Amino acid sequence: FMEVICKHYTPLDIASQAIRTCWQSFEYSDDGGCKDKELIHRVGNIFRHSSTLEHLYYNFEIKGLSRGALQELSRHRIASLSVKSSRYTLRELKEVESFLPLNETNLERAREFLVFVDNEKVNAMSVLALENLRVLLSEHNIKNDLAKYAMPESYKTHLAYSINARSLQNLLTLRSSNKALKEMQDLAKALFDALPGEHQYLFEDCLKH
């Protein structure tokens, strides 16, 4: 339910040229053909040689991820993030109407700002929290730096996320697992699906458990 766009990626040939550089086997190259694609996959997955995959870089856009899931995504250190800052954007709530009383319309309205999960009760509490947050900002005009303390973890964030193919493999493996938080499994799937189809074969098996 969160939106992931791959905005830029590294042509695969960058990877195969890199691999051939090591053993100087350009003679065996087929000018970016299927044998070159095959090479990235086979060598890229020998552990000692997985650093060749680092030459492939992906620039993503992620919309509608919860702050709670951001906590976990942030722990993958081999990546670059630029994240919508609550310290400077919370005033977005100053302008909206109350979400109380809870009812179908207000619950739909609140989904613009909150990630809902598959429990009605939890979602109701997130809206209650969102409403209190709205009041702090809107009626008492409290600063963002203080008000953010009342914000629920289901609050939506937005980010640019950039990551190389070797780190992306690690991410996909850890977060598509059944031990992983449901939202992180969805993020993993959404990131895979955002990849160009031509690159997806390098990652296809990370999601296999």
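Note that residue numbering follows the sequence shown and begins at 1.
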State which stretch shows the higher mean Cα B factor in the entry: 68-76 or 101-109. 101-109
Look up the CA B-factors in the entry and say which stretch, 77-85 or 91-99, has the higher mean. 91-99
Scanning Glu153, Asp145, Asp30, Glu54 for peak Cα temperature factor in the entry gives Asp30
Among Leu171, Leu39, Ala160, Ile163, which residue carries the highest C-alpha B-factor recorded in the PDB entry? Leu39
B-factor third for the C-alpha atom of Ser50 within its chain: middle
With respect to C-alpha B-factor, does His140 fall in the lowest, middle or highest third of the chain as deposited? highest
Would the CA B-factor of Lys35 place it in the lowest, middle or highest third of its chain? highest
Third of chain Cα B-factors occupied by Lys63: middle
Lowest, middle or highest third: where is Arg175 by C-alpha B factor in its chain? middle
